[PDB]
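Okay, here we've got a single chain as structure tokens, the form deposited in one PDB entry, with questions on binding and movement later.
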């Protein structure tokens, strides 16, 4: 009950016109969307990587391949749920997740509760163990120019 481990996750996707904007499982109206072979859900990908990392199971690319017919059409919530199943099977219980989305636009505050609810459901966690934060990049860099969106995640687990 004291074998705690920490994991950390990072992801980024390009933001361009012509695709939907989906973050934390939430479709957000915007003139641009994230590019990636999946649904490009940068927040769920970062959290997934933090969870695999806390369990020392490698990373999201080692677990899911575009070539794998099991996951070919899978959205990022299905990937997060499978991640959590593998983390549990390796012997770990998740204690909490925290995260940050960095986007110059749109405003993400109205969507935070919905994202937290999706993530908590997918991880079978109480809502008060899941946190999502959001901020701009103060107009600096490709993030500040609206050319991508970044997500960071931290996860604490314990080996039971």
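Residue numbers count along the first chain shown, from 1. Shifts are known only where both forms have a C-alpha. Rigid core: the largest C-alpha set superposing within 1.5 Å between the two forms.
The form deposited in another entry is left out here; the points below concern that form.
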In a fit on the core, which one among 107, 37, 70, 62 has a Cα that moves 2 Å or more between this form and the one not shown? 70
Would one find the Cα atoms of residue 81 and residue 69 closer or farther in the other entry than in this form, where their distance changes by 3 Å or more? farther
Output row for the residue 130-residue 70 CA distance, |change| of 3 angstroms or more in the other entry, reads farther
Core-superposed, runs of 3+ residues with CA shift of 2 Å or more between this form and the one not shown span 66-74
